[PDB]
Amino acid sequence: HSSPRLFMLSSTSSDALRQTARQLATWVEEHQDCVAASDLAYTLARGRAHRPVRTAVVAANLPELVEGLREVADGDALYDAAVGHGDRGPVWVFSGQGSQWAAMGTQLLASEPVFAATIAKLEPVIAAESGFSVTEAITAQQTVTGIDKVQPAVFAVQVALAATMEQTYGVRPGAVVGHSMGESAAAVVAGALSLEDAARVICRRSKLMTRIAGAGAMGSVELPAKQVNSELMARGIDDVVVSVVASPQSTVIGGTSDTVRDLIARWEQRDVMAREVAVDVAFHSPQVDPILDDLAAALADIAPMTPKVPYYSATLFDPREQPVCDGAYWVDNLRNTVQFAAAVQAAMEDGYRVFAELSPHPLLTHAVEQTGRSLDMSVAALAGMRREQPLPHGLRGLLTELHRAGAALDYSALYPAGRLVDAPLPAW
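Going by the entry's author numbering, the sequence shown opens with residue 444, and the numbers climb by one from there.
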């Protein structure tokens with residue numbers, strides 16, 4: 444086909460990668476009438492051992508590739524080395540609510556058939572459970588609002604992103620990590636729940652949460668949780684608690700609206716980065732207590748399964764423990780502190796270095812980076828999509844970033860067949 448293709452290139456340094464690009468451009472220019480673009484793309488991806496310093500050039504024809512390669516070769520870009528060794532798959536990070544944006548699903552429904560098929564599977568389930576069209580919600584000209592609509596819509600995008608990455612791009616996750624509602628998508632992707640049961644979990648919990656709207660407020664602070672708890676105790680505050688522990692240096696408090704706003708104002712006056720979070724309930728606090736018995740009863744029929752992928756729990760006291768995703772688990776998930784930093788730390792200690800957030804917009808990439816920095820590790824925290832980002836070739840860009848960062852993937856999904864061509868082989 445004369446469609447744009449992905450040509451992978453790699454070396455040991457930024458200067459050596461430029462020399463590699465120059466050698467390839469000269470060869471492609473001399474053999475363009477003899478080499479099929481598909482064969483060359485296949486050879487570069489499947490017939491070359493990928494070296495630590497990676498890049499990729501997109502091109503529809505061989506003369507377009509020569510321009511792109513010469514642009515690389517002439518440039519002065521610093522290409523970071525891969526943090527993974529093609530040994531482990533990426534860790535999918537499923538964040539909480541707040542990532543939603545207007546018509547967030549439109550481009551992916553048109554460009555990604557597996558994204559569209561996953562939203563089609565969820566459509567009748569979310570309609571029966573929550574009384575609304577999730578396809579209309581993610582394609583509307585106005586951002587989804589109301590906890591009962593936001594959580595199923597964000598969960599739907601999350602799971603459709605994961606399915607596309609595995610089925611279309613051959614990226615099987617090495618592990619999963621969820622944050623609050625993100626754990627429903629993490630459970631589907633890890634095989635702990637069926638897509639339908641996880642949808643029931645997110646639909647039922649968000650419907651019950653509308654009953655407790657206007658309860659209080661939440662706020663993020665760039666202070667470690669032990670320090671935040673010490674300050675609340677010192678001040679005699681029992682109406683505000685540490686609700687989320689996202690990084691060794693980041694914390695989210697939740698409680699009464701006036702005390703939370705006063706605490707944020709006080710931190711700001713000390714030049715401490717504090718921010719109010721848009722919510723009217725303080726989740727992961729005693730404010731959710733009234734709806735927990737009803738939630739346990741709503742989820743009495745959820746059929747949990749043994750996870751097939753490492754699932755780093757932000758609910759359990761041990762993140763390495765494999766969850767029994769029953770109704771009790773989802774009650775604890777809503778009421779207990781989100782121990783996200785602990786879960787990320789455990790995955791990083793176990794050897795995972797490539798994290799990719801499968802969400803409509805990145806909410807926890809800084810949190811992942813902060814944990815890596817505290818462990819003195821070189822990690823990659825990627826974003827699956829960003830608010831208002833054009834996705835003309837679907838998730839192919841995320842695949843390129845996962846490849847560049849060193850995540851283990853199946854090259855036969857993107858490059859299923861071709862002939863190994865006698866393209867240049869550089870020494871190291």
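Note that beta-carbon positions come from the ideal geometry of N, C-alpha and C, so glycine has one too.
Anyone know if the C-beta pair for residue i and residue j falls short of 9 Å?
i: residue 617; j: residue 787; result: no
i: residue 780; j: residue 644; result: no
i: residue 721; j: residue 664; result: no
i: residue 521; j: residue 488; result: no
i: residue 457; j: residue 871; result: no
i: residue 633; j: residue 754; result: yes
i: residue 638; j: residue 593; result: no
i: residue 554; j: residue 837; result: yes
i: residue 750; j: residue 730; result: no
i: residue 484; j: residue 858; result: yes
i: residue 510; j: residue 502; result: yes
i: residue 784; j: residue 526; result: no
i: residue 742; j: residue 769; result: yes
i: residue 668; j: residue 807; result: no
i: residue 492; j: residue 545; result: no
i: residue 856; j: residue 561; result: no
i: residue 733; j: residue 654; result: yes
i: residue 660; j: residue 704; result: yes
i: residue 715; j: residue 702; result: no
i: residue 619; j: residue 629; result: yes
i: residue 566; j: residue 573; result: no
i: residue 818; j: residue 800; result: no
i: residue 746; j: residue 591; result: no
Need the endpoints of the alpha helix (DSSP H) that residue i sits in, please.
i: residue 770; result: 770-778
i: residue 621; result: Here residue 621 belongs to no alpha helix (DSSP H); instead the beta strand (DSSP E) covers 618-621.
i: residue 567; result: 556-573
i: residue 646; result: 638-652
i: residue 858; result: Looking at the DSSP string, residue 858 is not in any alpha helix (DSSP H), and its letter there is neither H nor E.
i: residue 815; result: 808-817
i: residue 676; result: 668-677
i: residue 764; result: That residue, residue 764, is in no alpha helix (DSSP H); it is neither H nor E in DSSP.
i: residue 872; result: Because the chain spans 444 through 871 in this model, residue 872 falls outside it and cannot be assessed.
i: residue 607; result: 590-610
Could you give the C-beta distance for residue i and residue j, rounded to a whole number, given that I count them as a contact under 8 Å?
i: residue 516; j: residue 468; result: 6 Å
i: residue 625; j: residue 539; result: 6 Å
i: residue 652; j: residue 600; result: That pair is no contact at about 19 Å.
i: residue 862; j: residue 482; result: 5 Å
i: residue 495; j: residue 524; result: 4 Å
i: residue 534; j: residue 795; result: 5 Å
i: residue 757; j: residue 782; result: 5 Å
i: residue 825; j: residue 773; result: That belief does not hold up - the Cβ atoms of residue 825 and residue 773 are roughly 28 Å apart, past 8 Å.
i: residue 821; j: residue 537; result: That belief does not hold up - the Cβ atoms of residue 821 and residue 537 are roughly 23 Å apart, past 8 Å.
With 9 Å as the threshold, decide whether the Cβ of residue i is near any Cβ in chain D.
i: residue 679; result: The question asks about chain D, but that chain is absent: this structure has only one protein chain.
According to DSSP, what are the bridge partners of residue i?
i: residue 497; result: 453
i: residue 696; result: 662, 685
i: residue 799; result: 535, 825
i: residue 522; result: According to DSSP, which records beta bridges pairwise, residue 522 is partnered with nothing at all.
i: residue 690; result: 693
i: residue 831; result: Per DSSP, none; premise fails for residue 831.
i: residue 874; result: There is simply no residue 874 to check, as the chain begins at 444 and stops at 871 in what is shown.
i: residue 755; result: 620
i: residue 879; result: For residue 879 there is no data in the structure shown, the boundaries of the chain being 444 and 871.
Distance, Cα to Cα, residue i vs residue j?
i: residue 679; j: residue 622; result: 29 Å
i: residue 671; j: residue 694; result: 8 Å
i: residue 681; j: residue 726; result: 15 Å
i: residue 635; j: residue 595; result: 18 Å
i: residue 585; j: residue 830; result: 13 Å
i: residue 852; j: residue 478; result: 26 Å
i: residue 728; j: residue 804; result: 25 Å
i: residue 866; j: residue 486; result: 8 Å
i: residue 470; j: residue 642; result: 52 Å
i: residue 497; j: residue 847; result: 5 Å
i: residue 827; j: residue 812; result: 16 Å
i: residue 529; j: residue 850; result: 5 Å
i: residue 845; j: residue 676; result: 43 Å
i: residue 551; j: residue 700; result: 38 Å
i: residue 563; j: residue 627; result: 18 Å
i: residue 473; j: residue 452; result: 18 Å
i: residue 570; j: residue 646; result: 10 Å
i: residue 518; j: residue 466; result: 15 Å
i: residue 723; j: residue 790; result: 32 Å
i: residue 476; j: residue 559; result: 38 Å
i: residue 588; j: residue 608; result: 27 Å
i: residue 814; j: residue 691; result: 6 Å
i: residue 740; j: residue 631; result: 21 Å
i: residue 578; j: residue 556; result: 14 Å
For the beta strand (DSSP E) holding residue i, just list the boundary residues, first then last.
i: residue 717; result: 717-720
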